[PDB]
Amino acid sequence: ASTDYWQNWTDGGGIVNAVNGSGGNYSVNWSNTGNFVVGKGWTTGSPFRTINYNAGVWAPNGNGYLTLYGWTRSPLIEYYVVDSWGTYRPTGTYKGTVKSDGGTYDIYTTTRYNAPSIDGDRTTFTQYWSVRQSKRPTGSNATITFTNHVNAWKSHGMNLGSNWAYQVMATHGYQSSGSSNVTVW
């Protein structure tokens, strides 16, 4: 499907060269960054969405995640389905596991303090995570059946807000360098 949304945010640290490519294709080259997130996907997230992607290039040198990435409001929640990463596997408060799309993912919560959110400025908000137990190989057509994650999260008291914001397959980085090329559909 057409992705109707382009996410390209940087806190301004270092270099984030983000290319909005043809169709659902994008690429990022980044160097010595602060926080950034770049992705393609949908203006309005859905708990029923099934995301296809193929990361033609997945080459982080440092902390970068290849991840479904989205927000809700009411309440304000930042959520992730992490399929691969760089030198740092994201973790937090272990809640359980979920099997989806051929992988086993650990379910985590964490909380961010005084940090930017989709509202801009700085707040405290909750983060919900499914994180693959080992890196998904890249270069093939992969699927993230998101309802499997939403249902598993609910079973652990992790309920998303009712106001859906954007929902993208992203490259998410913090204080690192790398290159990625991802097609989303």
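Throughout, we count residues from 1 along the sequence that is shown.
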Note to self: I need to verify one thing: averaged over C-alpha atoms only, is the B-factor higher for 111-119 or for 89-97?
What the structure shows: 111-119
Item checked: Mean temperature factor over C-alpha atoms, higher-scoring stretch between 120-128 and 47-55 -> 120-128
Margin query: Using only modelled residues of the chain, where does the Cα B factor of residue 183 rank: lowest third, middle third or highest third?
Written below: lowest
Check: When the modelled residues of the chain are sorted by Cα temperature factor, does residue 84 land in the lowest, middle or highest third?
Finding: lowest
Check: Considering only modelled residues of the same chain, in which third does the CA B-factor of residue 165 rank: lowest, middle or highest?
Finding: middle
Next item on the list: Taking the chain's C-alpha temperature factors as the reference, tell me which third residue 32 falls into: lowest, middle or highest.
Entry: highest
Check: According to the PDB entry, is the CA B factor of residue 62 in the bottom, middle or top third of its chain, that is, lowest, middle or highest?
Finding: highest
